[PDB]
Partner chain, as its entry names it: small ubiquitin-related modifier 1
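Quick setup: one chain, the form solved without its partner chain, written in structure tokens, and binding and motion questions come after.
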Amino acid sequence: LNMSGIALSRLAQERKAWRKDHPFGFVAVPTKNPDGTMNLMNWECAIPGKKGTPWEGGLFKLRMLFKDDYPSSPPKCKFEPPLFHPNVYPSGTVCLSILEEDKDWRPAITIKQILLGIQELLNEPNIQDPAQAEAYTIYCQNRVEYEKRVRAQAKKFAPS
């Protein structure tokens, strides 16, 4: 077997587990190849904002990019479009400890965990590693304003 084999076998297993059971409102489906076949290395996901939070109502689109060395390596997660959030790079790339090899990544981590992890990050930013100057500054300087912009954002991404 090659690196990808390992990755693919795991991803396939991830898929099954997801379809079998997953948090309500969440979405996680592999993309299609130009030929209609599933591309397990690229997943289009959606994270709903948590009720009771300023994120409530929004459905945030995220892309999950897996490398050949997965699960040795974590997937690259990016919001599309990029979100206003202290831990999200302007590119849309999420900054989360579990998504960094040298940090908290563990091969055992599931898509489900990732997703839920991102969801919690949304409402609970990590002041320790700012990824977006703007959002970070506001977050610290004026939460009301921060909350105000977050809500607008949520509205902007509300389904219809």
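Residue numbers count along the first chain shown, from 1. If you superpose the two forms and keep the largest set of C-alpha atoms that fall within 1.5 Å, you have the rigid core.
In what follows, reference is made to the form solved in complex with its partner chain, a form of this protein that is not presented.
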{"query": "Position in contact with its partner chain when the complex is considered in the entry with it bound, options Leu65, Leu116, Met38, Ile109, heavy atoms within 4.5 Å", "finding": "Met38"}
{"query": "Options 91-99, 38-46, 66-74, 121-129; stretch whose heavy atom lies within 4.5 Å of its partner chain in the entry with it bound", "finding": "38-46"}
{"query": "Distance check, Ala158 to its partner chain in the entry with it bound, heavy atom within 4.5 Å", "finding": "no"}
{"query": "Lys16 within 4.5 Å of its partner chain in the entry with it bound, heavy atoms", "finding": "yes"}
{"query": "4.5 Å heavy atom contact, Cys140 and its partner chain in the entry with it bound", "finding": "no"}
{"query": "4.5 Å heavy atom contact, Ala12 to its partner chain in the entry with it bound", "finding": "yes"}
{"query": "Its partner chain in the entry with it bound - contacting residues of 119-138, heavy atom within 4.5 Å", "finding": "none"}
{"query": "Yes/no, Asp102 Cα shift of 2 Å or more between this form and the one not shown with rigid core fixed", "finding": "no"}
